[PDB]
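A.B. asks: Structure incoming, see below.
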Amino acid sequence: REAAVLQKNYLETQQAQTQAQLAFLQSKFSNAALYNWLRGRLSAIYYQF
Amino acid sequence: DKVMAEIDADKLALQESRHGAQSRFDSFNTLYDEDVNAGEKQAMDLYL
């Protein structure tokens, strides 16, 4: 039983680590929103050029 | 660490199985060592 409680603590640690990776990818400067803006702006510039 | 502790407690369970098997073996061994009792041989003497 105590081994299973440690396993649940391990899984909750993995949940918090997955959320930490997710928050890093949301909050990084080179996230998907920068590339959305970047290709939309460059697409407009590219058609006019 | 808890896996190893589970192995230890399982060892204690098997040792307490062994103690009961040993008690049965000693008890049936001392029953087998005496063929008949003192009173049983006395009763044989009385029937004869």
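Each chain in the structure tokens gets a letter, A, B and so on, in the order shown; residues start at 1 in every chain, and ligands are counted from 1 in the order they appear.
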What are the residues of chain A lining chain B at 9 Å or less? Count only C-alpha atoms, and put the answer as a list in words.

C.D. replies: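 Taking only C-alpha atoms into account, residues 2, 3 and 6 of chain A sit within 9 Å of chain B.
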
A.B. asks: Would you export the selected residues with C-alpha atoms as a PDB file, in the first residue's frame, please?

C.D. replies:
```
ATOM      1  CA  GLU A   2       2.782   2.447   0.852  1.00  0.00           C
ATOM      2  CA  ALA A   3       4.451   1.556  -2.457  1.00  0.00           C
ATOM      3  CA  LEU A   6       4.532   6.521  -3.613  1.00  0.00           C
TER       4      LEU A   6
END
```

A.B. asks: What does the distance between CA of residue 15 (chain B) and CA of residue 29 (chain B) come to in Å, to one decimal place?

C.D. replies: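 A separation of 20.6 Å between them.
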
A.B. asks: Can you work out the spacing between CA of residue 8 (chain B) and CA of residue 1 (chain A) in Å, to one decimal?

C.D. replies: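 Atom-to-atom, CA of residue 8 (chain B) and CA of residue 1 (chain A) are spaced 14.8 Å apart.
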
A.B. asks: Could you jot down the CA of residue 20 (chain A) to CA of residue 5 (chain A) separation for me, Å, one decimal place?

C.D. replies: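 For CA of residue 20 (chain A) relative to CA of residue 5 (chain A), the distance reads 22.5 Å.
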